[PDB]
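The sequence shown runs 3 to 151, 157 to 400 under the authors' numbering.
Note that CB positions come from ideal geometry on N, CA and C, so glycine has one too.
Here the structure comes first, spelled out in structure tokens, and everything after it is commentary.
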Amino acid sequence: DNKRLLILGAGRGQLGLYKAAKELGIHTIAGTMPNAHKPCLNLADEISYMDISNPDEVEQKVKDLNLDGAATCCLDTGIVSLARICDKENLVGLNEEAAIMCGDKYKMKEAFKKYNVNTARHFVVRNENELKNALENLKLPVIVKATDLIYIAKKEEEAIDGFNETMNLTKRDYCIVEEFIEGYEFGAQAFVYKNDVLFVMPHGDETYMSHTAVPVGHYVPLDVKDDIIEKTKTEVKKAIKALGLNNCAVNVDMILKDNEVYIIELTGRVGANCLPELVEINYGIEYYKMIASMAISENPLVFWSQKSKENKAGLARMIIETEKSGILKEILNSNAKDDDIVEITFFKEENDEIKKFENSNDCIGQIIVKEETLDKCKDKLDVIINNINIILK
């Protein structure tokens, strides 16, 4: 090809886009900080040292990089900086006003009321009278929270008790009273090109509770009625347009309550934790190639037109340790070669520390499988893990 793509970020979770760009014949430039993932840097042709979370620094550093496009994936760290790169170097991608709107819940929820997108509605209250005014356009239960540094409220007596406790602790003169939506949490992937949403793919979200709920697995297909699947397609398409997202892969956090779905979060980049790999399994496509080709002002539809007519099930899980800590000797994988095993990769090596799982950086590795159904995936996955031995010495 002979085309230059700057990829913002070079962590272990971003080597798929570096690999795809190489397979396409693209000259990659790793936009990163001194210490990053070595296999990404060994895939990258160039390295440009930059803080990708600083849109102003980034804008300066790209003028002399001779780029054809720019891309980010699996993280929000450099999502605004990408948007500015595209707005100033006139490269294909999301625009900065859309990236800001996604990033700011007040601005996002303002667009969703205007464009009538299902979401947990909120009011920026300043007094006991504004609380009750806000409560007439809000369904209970509600959360009372501060913006600078939560109080769940089932009934009115817990709401004032919450507002008074919040306003004394916060440094601001205001509070946020927001609808508390409790229900089935899930996500979705989407892709927008020239203002046409190619798809909306709902997906399951497996999690591990320690401090917060850590994402530890994803799967397709989501076990819901087809009416929930179509309701998700509807709200995501509405949200994409409410916020003005375009020429980007999209990652969404949904919630299902009483046969109605709501958008919690929406970002103009692909999701992490093997979600691009589950898009690839589910449609039988090359989705990092669609991302990379779009970035460099080429047509992603070349790859979308080779999709399968069937939807295979996929399951991706992080390998974690929950009742053991130590220094690693070796990881024993006694599993046989199988085309239904998409990936088995380990992140730790001899003399690395195995930390009793608390956050995402404590993952030992990851497994990806595909099969006719999710029950066959899960059974296949249980056999894999049971043939994975982590030795501490």
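Can you give me the start and stop residues for the beta strand (DSSP E) that residue i sits inside?
{"i": "residue 384", "result": "Per DSSP, residue 384 belongs to no beta strand (DSSP E); it is in the alpha helix (DSSP H), 381-392."}
{"i": "residue 373", "result": "372-378"}
{"i": "residue 299", "result": "It is not in any beta strand (DSSP E) - residue 299 instead sits in the alpha helix (DSSP H) that spans 294-302."}
{"i": "residue 206", "result": "203-216"}
{"i": "residue 67", "result": "From DSSP, residue 67 is part of no beta strand (DSSP E); its letter is neither H nor E."}
{"i": "residue 399", "result": "395-399"}
Give me the DSSP bridge partner(s) of residue i.
{"i": "residue 333", "result": "361"}
{"i": "residue 260", "result": "194 and 272"}
{"i": "residue 247", "result": "According to DSSP, residue 247 bridges with nothing at all."}
{"i": "residue 8", "result": "31 and 72"}
{"i": "residue 146", "result": "158 and 184"}
{"i": "residue 352", "result": "373"}
{"i": "residue 255", "result": "199"}
{"i": "residue 124", "result": "185"}
{"i": "residue 153", "result": "Here residue 153 is not present, the numbering of the chain passing from 151 to 157 in one jump."}
{"i": "residue 267", "result": "264"}
Hey, how far is the Cα of residue i from the Cα of residue j?
{"i": "residue 233", "j": "residue 160", "result": "33 Å"}
{"i": "residue 239", "j": "residue 44", "result": "39 Å"}
{"i": "residue 362", "j": "residue 285", "result": "27 Å"}
{"i": "residue 296", "j": "residue 131", "result": "54 Å"}
{"i": "residue 98", "j": "residue 138", "result": "34 Å"}
{"i": "residue 13", "j": "residue 190", "result": "33 Å"}
{"i": "residue 170", "j": "residue 264", "result": "26 Å"}
{"i": "residue 83", "j": "residue 31", "result": "15 Å"}
{"i": "residue 346", "j": "residue 377", "result": "9 Å"}
{"i": "residue 140", "j": "residue 164", "result": "16 Å"}
{"i": "residue 104", "j": "residue 276", "result": "11 Å"}
{"i": "residue 247", "j": "residue 380", "result": "30 Å"}
{"i": "residue 206", "j": "residue 76", "result": "18 Å"}
{"i": "residue 224", "j": "residue 235", "result": "21 Å"}
{"i": "residue 167", "j": "residue 176", "result": "14 Å"}
{"i": "residue 294", "j": "residue 283", "result": "7 Å"}
{"i": "residue 173", "j": "residue 261", "result": "27 Å"}
{"i": "residue 50", "j": "residue 178", "result": "40 Å"}
{"i": "residue 308", "j": "residue 243", "result": "20 Å"}
{"i": "residue 314", "j": "residue 290", "result": "6 Å"}
{"i": "residue 6", "j": "residue 70", "result": "5 Å"}
{"i": "residue 197", "j": "residue 183", "result": "30 Å"}
{"i": "residue 23", "j": "residue 29", "result": "7 Å"}
Is DSSP giving residue i helix, strand or coil here?
{"i": "residue 95", "result": "coil"}
{"i": "residue 51", "result": "strand"}
{"i": "residue 152", "result": "Note on the chain: consecutive modelled numbers read 151 then 157, so residue 152 has no coordinates in the structure shown."}
{"i": "residue 220", "result": "strand"}
{"i": "residue 108", "result": "helix"}
{"i": "residue 242", "result": "helix"}
{"i": "residue 129", "result": "coil"}
{"i": "residue 77", "result": "coil"}
{"i": "residue 227", "result": "strand"}
{"i": "residue 141", "result": "coil"}
{"i": "residue 86", "result": "helix"}
{"i": "residue 44", "result": "helix"}
{"i": "residue 151", "result": "coil"}
{"i": "residue 368", "result": "helix"}
{"i": "residue 14", "result": "helix"}
In terms of residue numbering, what span does the alpha helix (DSSP H) encompassing residue i cover?
{"i": "residue 20", "result": "17-26"}
{"i": "residue 169", "result": "163-176"}
{"i": "residue 322", "result": "Unbroken run through residue 322 is the beta strand (DSSP E), 320-326; no alpha helix (DSSP H)."}
{"i": "residue 119", "result": "It is not in any alpha helix (DSSP H) - residue 119 carries neither H nor E in the DSSP assignment."}
With a threshold of 8 Å between beta carbons, is residue i in contact with chain B?
{"i": "residue 361", "result": "The displayed structure is made up of one protein chain only, and chain B is not part of it."}
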